[PDB]
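Next up: the same protein chain in two forms, each one alone, written as structure tokens (structure 1, then structure 2).
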Structure 1
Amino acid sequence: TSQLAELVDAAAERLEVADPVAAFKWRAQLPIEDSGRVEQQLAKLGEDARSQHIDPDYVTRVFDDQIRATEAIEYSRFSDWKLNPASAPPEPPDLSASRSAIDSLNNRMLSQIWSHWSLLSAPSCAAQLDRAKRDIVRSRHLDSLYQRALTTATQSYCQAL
């Protein structure tokens, strides 16, 4: 197994927030683009990164990849629900529950980035990341959309120094 397996698993699990968010934004007619990359969130992210002793620019790059992957899922869901509205989730999303999950996923990702900073800067990162993704894609039974979104979300993991 790869040492990035848990970091990638946390990222893949975090991508699934897209399903509740699209389900809510669909009914509420909210823009998918209004996703939170605002100065207050960027500063909080950087202050949380410095608190974990990891590079804020690196962490910001990771979450810039993550948000793009998340929006991409929401757009594909909107595409599916436009073609066949009946396939839309019947159940309302539990966003109070999702809020606490995201907080836990964020912390796990940041502590994992610190806990594996040496590997993320190493030449073996690329091979380790590829093995991690396949494990997570197999173990999480990720479909084509989530696989590609996981690739987008993790494409800067090995840009560490």
Structure 2
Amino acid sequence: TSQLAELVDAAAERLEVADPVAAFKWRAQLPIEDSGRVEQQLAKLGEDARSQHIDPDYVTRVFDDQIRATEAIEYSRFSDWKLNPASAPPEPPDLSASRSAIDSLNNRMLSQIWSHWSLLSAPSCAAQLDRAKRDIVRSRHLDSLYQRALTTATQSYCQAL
């Protein structure tokens, strides 16, 4: 079992927030893209990292990858719903629960990153990450779209110094 499995599990769970958010933005006629919100989120995560004496640039690259992967899922859903608007699913009443989940999963990922910092900077990181993705793809039943998203979201893990 990979030492990175808890981190990868948290990243995959965070990817899953794309579906309620996409459904909500579709029904509410809101854009997927929000560059100002991304800048504010990444700046805050860089400051959370600095508060814990973690390298902020490593953290903000990781979370930019994660956010791009999340947005990619939302764009894929919008493509499906453009082809068949009747298939757009019931959306959550609001995004307060999604905001809470994202905050919780941000914290879980950052704490796992620091907890395994020695491995993330070590030569075995890539192998350990491959193993973790495989196991999480199984345990969370990830389809082709989420598998690609997980690859994108984790592509900068083995960059820690």
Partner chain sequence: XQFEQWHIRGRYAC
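FYI, numbering is relative to structure 1, first residue = 1. For the two forms, the rigid core is made up of the largest set of C-alpha atoms that agree within 1.5 Å on superposition. Only residues modelled in both forms are compared.
Of structures 1 and 2, select the one representing the form solved without its partner chain.
-> Only structure 1 fits here, because that chain is the form solved without its partner chain.
Shifted position (C-alpha, 2 Å or more, core held fixed) between structure 1 and structure 2, chosen from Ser111, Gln41, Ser121, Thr60 | With the rigid core superposed, the residue that stands out is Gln41.
By how many angstrom does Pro92 shift at its CA between structure 1 and structure 2 when the core is held fixed?
-> Residue shift at the C-alpha: 3.0 Å.
After superposing on the rigid core, how many Å does the CA of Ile32 move between structure 1 and structure 2?
-> Its alpha carbon moves by 1.3 Å.
Can you give the C-alpha shift of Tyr146 between structure 1 and structure 2 in Å, rounded to one decimal, after superposing the rigid core?
-> Displacement of the alpha carbon, after core fit: 0.2 Å.
Displacement runs between structure 1 and structure 2, C-alpha, 2 Å or more, three or more consecutive residues, core aligned = The runs that move are 35 to 43, 90 to 94.
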